[PDB]
């Protein structure tokens, strides 16, 4: 024949991405999450994303609460609309969430819907209309355009891309997070 095929188990690291994302949102000040020291932290024979919901709760990670801005963004996401008005609302939404709730973890379908994928929104600058993304399937943190992040949100929030195991999909935060109120002299 000239056909040689070995039969071996495959593991995707997509399933490990929720653990990385959990560390991002639970950690502070460039350290790791202090309660790290279970299958939880295993590469092989660990906990798949689809199974992680109870563990997220136990780490005081919760879905972001309902709000007018969030309702408005979801409506635009469902309608597949992007314009200056949607972008203004997106900026206001991401800014409020980052300020008040801290870094967000997004759990979403992979493009093509094979696997779930977790990544984090860690920062925003209105000066350049870019979002700081920590996606552990990349080699490093990346600043991405608003439209590129909007496309990621579309997979999590537009009904075209959702099914039953997608109840876990959405935006999460560290329930322990409190903003630090800075004072300036001038």
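Positions refer to the first chain, counted from 1.
*Asks:* Enter the number of deposited residues without atomic coordinates between residue 29 and residue 30, binned as none, 1 to 3, 4 to 9, or 10 or more.
*Replies:* Unresolved stretch here: none.
*Asks:* On average, are the C-alpha B-factors higher in 165 to 173 or in 10 to 18?
*Replies:* Per the PDB entry, the higher value belongs to 165 to 173.
*Asks:* Which is higher on average in the deposited entry, the C-alpha temperature factors of 62 to 70 or of 146 to 154?
*Replies:* Averaged over C-alpha atoms, the B-factors run higher in 62 to 70.
*Asks:* Where does the C-alpha B-factor of residue 81 rank in its chain, lowest, middle or highest third?
*Replies:* As the PDB entry reports it, the C-alpha B-factor of residue 81 lands in the highest third of its chain.
*Asks:* By its CA B factor, does residue 36 count among the lowest, middle or highest third of the modelled residues in the chain?
*Replies:* Its C-alpha B-factor, which the entry lists for residue 36, ranks in the highest third among residues of this chain.
*Asks:* Once the chain's modelled residues are ordered by C-alpha B factor and cut into thirds, is residue 159 in the lowest, middle or highest one?
*Replies:* Tercile = highest for this residue's CA B-factor.
*Asks:* Among the modelled residues of this chain, does the Cα B factor of residue 53 put it in the lowest, middle or highest third?
*Replies:* Middle third by C-alpha B-factor.
*Asks:* Would you check the entry's CA temperature factor for residue 97 and let me know if it's in the chain's lowest, middle or highest third?
*Replies:* Lowest third, going by the recorded CA B-factors of the chain.
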